Amino acid sequence: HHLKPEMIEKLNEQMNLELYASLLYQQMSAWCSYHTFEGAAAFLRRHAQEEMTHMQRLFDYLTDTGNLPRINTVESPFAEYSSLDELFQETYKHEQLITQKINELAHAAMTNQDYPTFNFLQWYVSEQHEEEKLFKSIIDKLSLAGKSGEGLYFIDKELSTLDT
Amino acid sequence: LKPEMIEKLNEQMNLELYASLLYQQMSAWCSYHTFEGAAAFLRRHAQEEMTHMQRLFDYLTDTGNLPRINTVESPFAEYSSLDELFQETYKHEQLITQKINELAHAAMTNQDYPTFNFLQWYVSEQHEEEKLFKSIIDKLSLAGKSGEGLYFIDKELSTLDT
Amino acid sequence: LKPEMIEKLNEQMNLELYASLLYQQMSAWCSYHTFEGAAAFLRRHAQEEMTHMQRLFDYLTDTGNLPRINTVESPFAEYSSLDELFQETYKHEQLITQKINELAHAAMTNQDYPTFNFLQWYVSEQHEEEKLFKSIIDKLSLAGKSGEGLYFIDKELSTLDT
Amino acid sequence: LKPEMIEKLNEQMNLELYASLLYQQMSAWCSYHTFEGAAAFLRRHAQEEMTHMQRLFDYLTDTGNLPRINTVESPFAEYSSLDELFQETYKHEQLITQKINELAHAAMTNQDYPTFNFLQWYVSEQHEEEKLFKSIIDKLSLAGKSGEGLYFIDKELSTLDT
Amino acid sequence: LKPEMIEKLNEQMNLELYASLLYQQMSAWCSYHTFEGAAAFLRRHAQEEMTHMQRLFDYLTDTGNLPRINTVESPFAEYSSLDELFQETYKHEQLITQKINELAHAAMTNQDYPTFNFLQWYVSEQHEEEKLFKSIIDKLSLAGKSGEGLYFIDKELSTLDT
Amino acid sequence: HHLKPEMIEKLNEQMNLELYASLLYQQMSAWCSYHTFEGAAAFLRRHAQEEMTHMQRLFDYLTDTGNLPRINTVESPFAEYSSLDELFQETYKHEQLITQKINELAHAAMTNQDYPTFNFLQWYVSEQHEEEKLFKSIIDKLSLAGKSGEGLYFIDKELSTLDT
Amino acid sequence: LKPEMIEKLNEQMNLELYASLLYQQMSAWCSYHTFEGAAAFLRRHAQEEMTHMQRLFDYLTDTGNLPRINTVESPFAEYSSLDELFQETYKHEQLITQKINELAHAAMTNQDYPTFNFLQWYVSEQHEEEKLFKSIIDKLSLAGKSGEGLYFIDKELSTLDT
Ligand SMILES: [O-][O-]
Ligand SMILES: [Fe+2]
Ligand SMILES: [Fe+2]
Ligand SMILES: [Fe+3]
Ligand SMILES: [Fe+3]
Ligand SMILES: [Fe+3]
Ligand SMILES: [Fe+3]
Ligand SMILES: [Fe+3]
Ligand SMILES: [Fe+3]
Ligand SMILES: [Fe+3]
Ligand SMILES: [Fe+3]
Ligand SMILES: [O-]
Ligand SMILES: [O-]
Ligand SMILES: [O-]
Ligand SMILES: [O-]
Ligand SMILES: [O-]
Ligand SMILES: [O-]
Ligand SMILES: [O-]
Ligand SMILES: [O-]
Ligand SMILES: [O-]
């Protein structure tokens, strides 16, 4: 009648991963701002907020099922980036990690015959397809136009209102 | 900004982040213990603390500095009652008040008038924060000694400050 | 559909009908004991259970099968308290959830993707049902130990989920 | 109420429930045999019968009694034709009409004016029911001897009685 | 995506394209034989199948793959009657259903949860497709044995599902 | 009183050519998407839809005149393209083919004294003038600005809303 | 205009007038045989033919010519059936189409581009006319073999093309 402990903890850990993603994109916004990419910064701050809502959805599934979500220690998301391109390469990699972890969670759910949690997960499976499309689109814009300061100026302006 | 001020500002941004996560984490305790109204209030307040963090983050970027989100300590705790939880929220907000005062003092000592000015938003906010969390404890002292009293205070929390 | 699936789908249709008449019968106990608010919630939720019936009925007729309404045993029971009555509704919902999960497992085993898909509505509905009925138990545990407590909870149930 | 009138009212409640389940089970036959308009009318009618149960259920609870949903025998049956099914529905309505007149007679001869008054809703409903179900068997006798005629009557049934 | 899944997805996109062209081609038979209502319905449905093709096309591009529209076999056929035409539409839709099931099975076996998820739209759609084309055959069995019956069914088709 | 068999078949064949054009532009949209030209892709998908309506108009003239349109075998439109420019060179060539075939059909109509079909064709004669203008405009934008990744970025954005 | 063109344009003006009075006369047969719907369609279409007259009349006067209304022979005919009557309207339309095509050929031969252009309205109108009148024949072939069939077709004709 209740979630297995395995499933509870994997859901908890994914909630933390969503929280880390939020703090990551927030931290990356600082780099952007520091390096004068205000458009890239605004996009990343809005995307950080979005990741909180992914975190909250997991938190809510956990409480709705009679469990206690646990926010664990959070590693500093601080990193050096050599370019805006390398920053957004890292974003895409991170989103690929999140997709992997959701697929693992879905695999655990099916293997455990946890149909409620499999069903809950579908939101994330779908979301992660949209996330990879979004961030791959940014890398693609940069690989096309990003090799000059003018190109970066334009893409940075695009990012300032992207996905709004 | 002088190094001292950069460091204290960056620390405060991290304290505001921690406040957000703490209130989020307390909302899970509340839901877990059937106080869904207290949970709603703390979830809302967690969102609020993120905006406080954000305001510091943006001051630091505005001034040519690089804010740095440091390792966050887990906010996980046990509480013996909804009262004790809200005693802890109040103590936390008194800590944030104190650090804001220290920051204001440092700004004034360093003749940093742009930061002293920036800080006034927090001084004012922290006055409102303490009044709000005090109000909650006060409600609990009054009515909170029974299941019914907690029931009503919980319901009051569900829409408090909205 | 495979015979196993037809039979388990028809059985679940009948269980949702049973749940309807159960909650309908429960509303009588409530009325009889003066809990007109609990009565009203239970009468509304009896209607909702018939829609869960119809959705299975429809899937069965859509797929070329003839659903059968089988004999329904009397849902009549004694309850010792409002709290015990809602402990029984919660257990009943848990049983429905489990039946649904068995059906989903069966669909998977039988490689019945149409039926696995159809069942997802029930998986999601049952998560909401368990939450609803647990919230009721949780209100009664908290505040339900006095007549005054029960008066308020009954009042809340009069508009709950509307 | 007098024990006799309690029992007769409770049995009528159960007869209304049975009518519901019967018209529901008939709608399945109709779907299986491709009369989806006839199926839709019977599904809607099944829902109306449930409201007729709710009205008796509610009079019993209002008068400080405890209505009991008794065991309901499966309403499953074979039908040789759509016309036969609708002959059966008309027959079942005549039964219901008869049990209502018997209830009205029992109320008047027991000097039970409250219950007499309450029953008038059913006296007038059962007049409307008979004219509705008579109308369908009349349409079928006129036009229902060809596939084309059943086609059109089925279509009329899809939206009949809104 | 794994090679197997790319290939099966690409094949299904091509099956959906073929469905569109088949329904278009059947609409020409219908117009040619004076059933302009059946023609309108099949022209509309051809448009629908293109959106199904399109949804697969976009999943393939989204996932970094290159969808490939292969040689399309002529859909030209003779039909002996409007009934036989609509028997063939139904058989085609059962074929699309089956291939969607195979794709769902493959996705699940390969632990490809993004494709399994993507596929649910089709599982659900194919349930609706079979109900719709079944309804059409069913109408024809009932009423379609005469010029008048075909006349009316044709008119019904002109605005069916709009 | 009826169309000549010559005219019926030439009209049938043009309907198929319009269908092929649709599948062509749809197939070309895949190349664009694959090569990150999402704007070019959206334009080509919208243009594919347009070609279906050209197909349908022929189909309808055929049925209105008591004939049976026939969809024939359709060759795969799959091709390799070395650049976005070369892709849109191919589009223009294709549209030039369609214009040729319509002019041949008009010439057959006049030669056969088929005034109904000549009149019907005028829609296409006019449409093909507008099609060549449209696709020549795209080649011209590319020859002007298309020689850098930045130029391609801008034209690709133009294509994303062109002719809407 | 060349004398050949003036004469063929005037003749066509007279043919469109004839068509008017023909369809008007046909509406009488229909009325007389109780097909008031067919009557009404034919009366509306008689009006439309006069507008085809006026358009040629106007082109003739615009170009400096004097159109002449010549003797119109009685359009009176016997018809054996509604179907035969509409077979005759269709043949009549075919004749008009052919006359128009002859006129267009003449304009081309005479290098009369103004007149070739003017005639295009008629080429396009005549494609629509043949479609309209063929659709009527087609309805009657399908469903017109019974009184009941004819009743429905007559009803459709009462609002056809309005
Ligand atoms: O029975 O109404
Ligand atoms: Fe339930
Ligand atoms: Fe005419
Ligand atoms: Fe996320
Ligand atoms: Fe994300
Ligand atoms: Fe249920
Ligand atoms: Fe009734
Ligand atoms: Fe009834
Ligand atoms: Fe075209
Ligand atoms: Fe074109
Ligand atoms: Fe005319
Ligand atoms: O996520
Ligand atoms: O704070
Ligand atoms: O703060
Ligand atoms: O359910
Ligand atoms: O009744
Ligand atoms: O399909
Ligand atoms: O499909
Ligand atoms: O075209
Ligand atoms: O004409």
# chains A, B, ... in the order shown; residues from 1 in each chain; ligands from 1

call {"tool": "interface_residues", "arguments": {"of": "chain C", "to": "chain D", "cutoff": "6 Å", "atoms": "only C-alpha atoms", "output": "JSON, numbers by chain"}}
result
{"C": [28, 69, 70, 71, 72, 73, 74]}

call {"tool": "select_by_dssp", "arguments": {"residues": "chain E", "states": "alpha helix (DSSP H)", "output": "number ranges by chain"}}
result
E: 3-32, 36-62, 82-109, 113-143, 147-158

call {"tool": "write_last_selection", "arguments": {"atoms": "C-alpha atoms", "output": "CSV table (one decimal), in the first residue's frame"}}
result
chain,number,residue,atom,x,y,z
E,3,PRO,CA,18.8,1.8,-34.5
E,4,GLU,CA,15.9,-0.6,-34.1
E,5,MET,CA,13.7,2.2,-32.6
E,6,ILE,CA,14.8,4.8,-35.3
E,7,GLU,CA,13.9,2.2,-38.0
E,8,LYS,CA,10.5,1.3,-36.5
E,9,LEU,CA,9.6,5.0,-36.0
E,10,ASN,CA,10.6,5.9,-39.5
E,11,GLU,CA,8.5,3.0,-40.9
E,12,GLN,CA,5.5,4.1,-38.8
E,13,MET,CA,5.8,7.8,-40.1
E,14,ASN,CA,5.7,6.2,-43.6
E,15,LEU,CA,2.6,4.1,-42.7
E,16,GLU,CA,0.9,7.3,-41.5
E,17,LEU,CA,1.8,9.0,-44.9
E,18,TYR,CA,0.4,6.0,-46.7
E,19,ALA,CA,-2.8,6.1,-44.6
E,20,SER,CA,-3.3,9.8,-45.6
E,21,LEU,CA,-2.9,8.9,-49.4
E,22,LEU,CA,-5.1,5.9,-49.1
E,23,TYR,CA,-7.9,7.9,-47.5
E,24,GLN,CA,-7.4,10.6,-50.2
E,25,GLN,CA,-7.5,7.9,-52.9
E,26,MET,CA,-10.7,6.3,-51.4
E,27,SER,CA,-12.3,9.8,-51.4
E,28,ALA,CA,-11.9,9.8,-55.2
E,29,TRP,CA,-13.6,6.4,-55.5
E,30,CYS,CA,-16.4,7.8,-53.3
E,31,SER,CA,-16.9,11.1,-55.4
E,32,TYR,CA,-16.6,9.0,-58.6
E,36,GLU,CA,-19.9,13.0,-51.9
E,37,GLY,CA,-20.4,12.9,-48.1
E,38,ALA,CA,-18.2,9.8,-47.7
E,39,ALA,CA,-15.7,11.6,-49.9
E,40,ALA,CA,-15.8,14.7,-47.6
E,41,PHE,CA,-15.2,12.6,-44.6
E,42,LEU,CA,-12.2,10.7,-46.1
E,43,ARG,CA,-10.7,14.0,-47.4
E,44,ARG,CA,-10.9,15.4,-43.8
E,45,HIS,CA,-9.4,12.1,-42.4
E,46,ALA,CA,-6.6,12.2,-45.0
E,47,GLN,CA,-5.6,15.6,-43.5
E,48,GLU,CA,-5.7,14.1,-40.1
E,49,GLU,CA,-3.3,11.2,-41.0
E,50,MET,CA,-0.8,13.8,-42.3
E,51,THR,CA,-0.7,15.3,-38.8
E,52,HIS,CA,0.0,11.8,-37.5
E,53,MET,CA,2.9,11.5,-40.0
E,54,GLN,CA,4.1,14.9,-39.0
E,55,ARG,CA,4.2,14.2,-35.2
E,56,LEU,CA,6.6,11.2,-35.9
E,57,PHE,CA,8.6,13.3,-38.4
E,58,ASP,CA,9.1,15.9,-35.7
E,59,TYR,CA,10.0,13.3,-32.9
E,60,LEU,CA,12.7,11.9,-35.2
E,61,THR,CA,14.1,15.5,-36.0
E,62,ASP,CA,13.9,16.4,-32.3
E,82,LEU,CA,-19.1,1.6,-50.2
E,83,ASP,CA,-19.3,-1.1,-47.6
E,84,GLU,CA,-16.2,-2.9,-48.8
E,85,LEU,CA,-14.3,0.4,-48.9
E,86,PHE,CA,-15.1,1.1,-45.3
E,87,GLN,CA,-14.2,-2.5,-44.4
E,88,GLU,CA,-10.8,-1.8,-45.8
E,89,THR,CA,-10.5,1.5,-43.9
E,90,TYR,CA,-11.2,-0.4,-40.7
E,91,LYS,CA,-8.7,-3.2,-41.5
E,92,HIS,CA,-6.1,-0.5,-42.3
E,93,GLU,CA,-6.7,1.2,-38.9
E,94,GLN,CA,-6.3,-2.2,-37.2
E,95,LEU,CA,-3.0,-2.6,-39.0
E,96,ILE,CA,-1.9,0.9,-37.7
E,97,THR,CA,-3.0,-0.1,-34.2
E,98,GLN,CA,-1.0,-3.2,-34.3
E,99,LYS,CA,2.2,-1.5,-35.5
E,100,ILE,CA,1.8,1.1,-32.7
E,101,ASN,CA,1.5,-1.7,-30.2
E,102,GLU,CA,4.7,-3.3,-31.6
E,103,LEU,CA,6.4,0.1,-31.3
E,104,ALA,CA,5.2,0.4,-27.7
E,105,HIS,CA,6.5,-3.1,-26.9
E,106,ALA,CA,9.8,-2.4,-28.5
E,107,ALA,CA,10.2,0.9,-26.6
E,108,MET,CA,9.4,-0.9,-23.3
E,109,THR,CA,11.8,-3.8,-24.1
E,113,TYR,CA,11.0,5.7,-21.8
E,114,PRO,CA,11.0,8.9,-23.9
E,115,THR,CA,9.7,6.9,-26.9
E,116,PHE,CA,7.2,4.9,-24.9
E,117,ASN,CA,5.9,8.1,-23.6
E,118,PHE,CA,5.8,9.7,-27.0
E,119,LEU,CA,3.9,6.7,-28.3
E,120,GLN,CA,1.0,6.9,-25.7
E,121,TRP,CA,-0.5,9.7,-28.0
E,122,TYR,CA,-0.8,7.1,-30.7
E,123,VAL,CA,-2.1,4.3,-28.5
E,124,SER,CA,-4.9,6.7,-27.3
E,125,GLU,CA,-5.5,8.0,-30.9
E,126,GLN,CA,-5.8,4.5,-32.3
E,127,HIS,CA,-8.4,3.6,-29.8
E,128,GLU,CA,-10.5,6.6,-31.1
E,129,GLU,CA,-9.7,5.7,-34.8
E,130,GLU,CA,-11.0,2.2,-34.4
E,131,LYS,CA,-14.2,3.4,-32.6
E,132,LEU,CA,-14.8,5.9,-35.4
E,133,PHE,CA,-14.3,3.5,-38.4
E,134,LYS,CA,-16.2,0.8,-36.5
E,135,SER,CA,-19.2,3.2,-36.1
E,136,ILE,CA,-19.2,3.7,-39.9
E,137,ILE,CA,-19.2,0.1,-40.8
E,138,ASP,CA,-21.9,-0.4,-38.1
E,139,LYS,CA,-24.1,2.2,-39.7
E,140,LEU,CA,-23.7,0.7,-43.1
E,141,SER,CA,-24.7,-2.8,-41.8
E,142,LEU,CA,-27.7,-1.4,-40.3
E,143,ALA,CA,-29.0,0.9,-43.0
E,147,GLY,CA,-30.2,3.4,-52.1
E,148,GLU,CA,-32.1,5.5,-49.5
E,149,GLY,CA,-30.0,4.0,-46.6
E,150,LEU,CA,-26.8,4.9,-48.5
E,151,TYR,CA,-28.2,8.3,-49.2
E,152,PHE,CA,-28.7,9.0,-45.5
E,153,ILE,CA,-25.4,7.5,-44.4
E,154,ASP,CA,-23.6,9.5,-47.0
E,155,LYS,CA,-25.3,12.7,-45.7
E,156,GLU,CA,-24.3,11.7,-42.1
E,157,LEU,CA,-20.6,11.2,-43.3
E,158,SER,CA,-20.6,14.7,-44.8

call {"tool": "residues_around", "arguments": {"residues": "residue 3 (chain A)", "least_positions_apart": "6", "cutoff": "12 Å", "atoms": "only C-alpha atoms", "output": "JSON, numbers by chain"}}
result
{"A": [9, 10, 11, 61, 62, 63, 64, 65, 66, 67, 108, 109, 112, 113, 114, 115, 116, 117, 118], "C": [127]}

call {"tool": "residues_near_ligand", "arguments": {"ligand": "ligand 4", "cutoff": "6 Å", "atoms": "only C-alpha atoms and all ligand atoms", "output": "list in words"}}
result
residues 18, 51 and 54 of chain A

call {"tool": "residues_near_ligand", "arguments": {"ligand": "ligand 5", "cutoff": "10 Å", "atoms": "only C-alpha atoms and all ligand atoms", "output": "ChimeraX atom specification"}}
result
/A:17-18,21-22,25,47-48,50-52,54,91-92,94-99,124,127-132,134-135

call {"tool": "atom_distance", "arguments": {"atom1": "CA of residue 144 (chain F)", "atom2": "CA of residue 147 (chain A)"}}
result
19.8 Å

call {"tool": "residues_around", "arguments": {"residues": "residue 158 (chain A)", "least_positions_apart": "2", "cutoff": "12 Å", "atoms": "only C-alpha atoms", "output": "NGL selection string"}}
result
(:A and (37-43 or 137-138 or 141-142 or 145 or 151-156 or 160-164)) or (:F and (153-154 or 157))

call {"tool": "write_last_selection", "arguments": {"atoms": "N, CA, C and O atoms", "output": "tab-separated table (two decimals), in the first residue's frame"}}
result
chain	number	residue	atom	x	y	z
A	37	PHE	N	27.02	39.15	-20.82
A	37	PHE	CA	25.98	38.50	-21.57
A	37	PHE	C	24.71	38.56	-20.74
A	37	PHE	O	24.30	37.58	-20.06
A	38	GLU	N	24.10	39.74	-20.71
A	38	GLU	CA	22.89	39.98	-19.93
A	38	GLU	C	21.65	39.20	-20.34
A	38	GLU	O	20.88	38.87	-19.48
A	39	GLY	N	21.48	38.97	-21.66
A	39	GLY	CA	20.47	38.15	-22.24
A	39	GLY	C	20.58	36.69	-21.76
A	39	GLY	O	19.55	36.18	-21.23
A	40	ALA	N	21.77	36.09	-21.95
A	40	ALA	CA	22.11	34.76	-21.40
A	40	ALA	C	21.86	34.69	-19.88
A	40	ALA	O	21.19	33.77	-19.38
A	41	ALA	N	22.28	35.72	-19.15
A	41	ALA	CA	21.96	35.78	-17.76
A	41	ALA	C	20.47	35.70	-17.44
A	41	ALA	O	20.06	34.93	-16.51
A	42	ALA	N	19.60	36.45	-18.16
A	42	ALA	CA	18.19	36.53	-17.84
A	42	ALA	C	17.50	35.18	-18.12
A	42	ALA	O	16.66	34.66	-17.32
A	43	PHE	N	17.90	34.58	-19.24
A	43	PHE	CA	17.41	33.26	-19.60
A	43	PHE	C	17.72	32.25	-18.44
A	43	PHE	O	16.84	31.44	-18.06
A	137	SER	N	19.03	23.66	-28.86
A	137	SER	CA	18.77	24.81	-29.72
A	137	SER	C	19.76	25.96	-29.47
A	137	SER	O	20.18	26.63	-30.44
A	138	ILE	N	20.12	26.18	-28.21
A	138	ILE	CA	21.05	27.27	-27.80
A	138	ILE	C	22.42	26.95	-28.28
A	138	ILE	O	23.07	27.82	-28.92
A	141	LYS	N	22.54	27.56	-32.11
A	141	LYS	CA	22.60	29.01	-32.40
A	141	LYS	C	24.02	29.50	-32.21
A	141	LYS	O	24.57	30.18	-33.11
A	142	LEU	N	24.65	29.12	-31.10
A	142	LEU	CA	26.04	29.51	-30.88
A	142	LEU	C	27.01	28.91	-31.89
A	142	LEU	O	27.94	29.58	-32.31
A	145	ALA	N	26.23	31.11	-35.34
A	145	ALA	CA	26.51	32.54	-35.31
A	145	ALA	C	27.51	32.99	-34.21
A	145	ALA	O	27.77	34.18	-34.10
A	151	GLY	N	27.93	38.17	-33.57
A	151	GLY	CA	27.10	37.00	-33.45
A	151	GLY	C	26.67	36.77	-32.01
A	151	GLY	O	25.48	36.53	-31.81
A	152	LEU	N	27.59	36.85	-31.05
A	152	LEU	CA	27.29	36.72	-29.65
A	152	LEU	C	26.35	37.77	-29.18
A	152	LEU	O	25.49	37.44	-28.42
A	153	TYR	N	26.54	39.02	-29.59
A	153	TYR	CA	25.58	40.12	-29.32
A	153	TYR	C	24.13	39.76	-29.72
A	153	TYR	O	23.18	39.91	-28.92
A	154	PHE	N	23.96	39.25	-30.93
A	154	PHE	CA	22.62	38.83	-31.38
A	154	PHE	C	22.00	37.62	-30.67
A	154	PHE	O	20.81	37.55	-30.43
A	155	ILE	N	22.83	36.67	-30.35
A	155	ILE	CA	22.30	35.50	-29.68
A	155	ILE	C	21.98	35.86	-28.26
A	155	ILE	O	21.00	35.37	-27.70
A	156	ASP	N	22.85	36.63	-27.64
A	156	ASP	CA	22.57	37.16	-26.33
A	156	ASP	C	21.28	37.92	-26.32
A	156	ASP	O	20.46	37.77	-25.41
A	160	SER	N	17.69	36.84	-24.17
A	160	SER	CA	17.05	37.73	-23.24
A	160	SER	C	15.51	37.55	-23.19
A	160	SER	O	14.93	37.73	-22.10
A	161	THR	N	14.88	37.07	-24.27
A	161	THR	CA	13.43	36.80	-24.34
A	161	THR	C	13.07	35.35	-24.76
A	161	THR	O	11.89	34.97	-24.84
A	162	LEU	N	14.07	34.49	-24.87
A	162	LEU	CA	13.82	33.08	-25.29
A	162	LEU	C	12.98	32.32	-24.28
A	162	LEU	O	13.24	32.38	-23.07
A	163	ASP	N	12.00	31.60	-24.81
A	163	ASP	CA	11.17	30.65	-24.03
A	163	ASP	C	10.39	31.49	-23.05
A	163	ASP	O	10.23	31.12	-21.90
A	164	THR	N	9.89	32.65	-23.47
A	164	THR	CA	9.03	33.42	-22.58
A	164	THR	C	7.62	33.55	-23.16
A	164	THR	O	6.70	33.79	-22.39
F	153	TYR	N	22.28	32.69	-39.93
F	153	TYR	CA	21.44	32.91	-38.73
F	153	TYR	C	20.28	33.90	-38.98
F	153	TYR	O	19.10	33.62	-38.68
F	154	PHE	N	20.60	35.04	-39.57
F	154	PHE	CA	19.56	36.04	-39.89
F	154	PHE	C	18.54	35.64	-40.98
F	154	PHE	O	17.37	35.96	-40.91
F	157	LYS	N	16.33	33.13	-39.50
F	157	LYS	CA	15.23	33.78	-38.76
F	157	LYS	C	14.14	34.40	-39.61
F	157	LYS	O	12.97	34.30	-39.27

call {"tool": "closest_residue", "arguments": {"among": "A:89, A:111, A:143, A:148", "to": "chain E", "atoms": "only C-alpha atoms"}}
result
A:111

call {"tool": "interface_residues", "arguments": {"of": "chain F", "to": "chain A", "cutoff": "7 Å", "atoms": "only C-alpha atoms", "output": "VMD selection string"}}
result
chain F and resid 36 149 to 150 153

call {"tool": "interface_residues", "arguments": {"of": "chain A", "to": "chain E", "cutoff": "8 Å", "atoms": "only C-alpha atoms", "output": "ChimeraX atom specification"}}
result
/A:103,106-107,122,125-126,129,133

call {"tool": "write_last_selection", "arguments": {"atoms": "C-alpha atoms", "output": "PDB file, in the first residue's frame"}}
result
ATOM      1  CA  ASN A 103      14.994   7.160 -17.128  1.00  0.00           C
ATOM      2  CA  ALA A 106      11.251   5.041 -14.581  1.00  0.00           C
ATOM      3  CA  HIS A 107      13.150   1.713 -14.999  1.00  0.00           C
ATOM      4  CA  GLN A 122       5.839  10.609 -17.191  1.00  0.00           C
ATOM      5  CA  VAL A 125      10.044  12.079 -19.209  1.00  0.00           C
ATOM      6  CA  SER A 126       8.158  14.534 -21.354  1.00  0.00           C
ATOM      7  CA  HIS A 129      12.576  15.752 -24.003  1.00  0.00           C
ATOM      8  CA  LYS A 133      15.405  20.397 -27.313  1.00  0.00           C
TER       9      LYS A 133
END
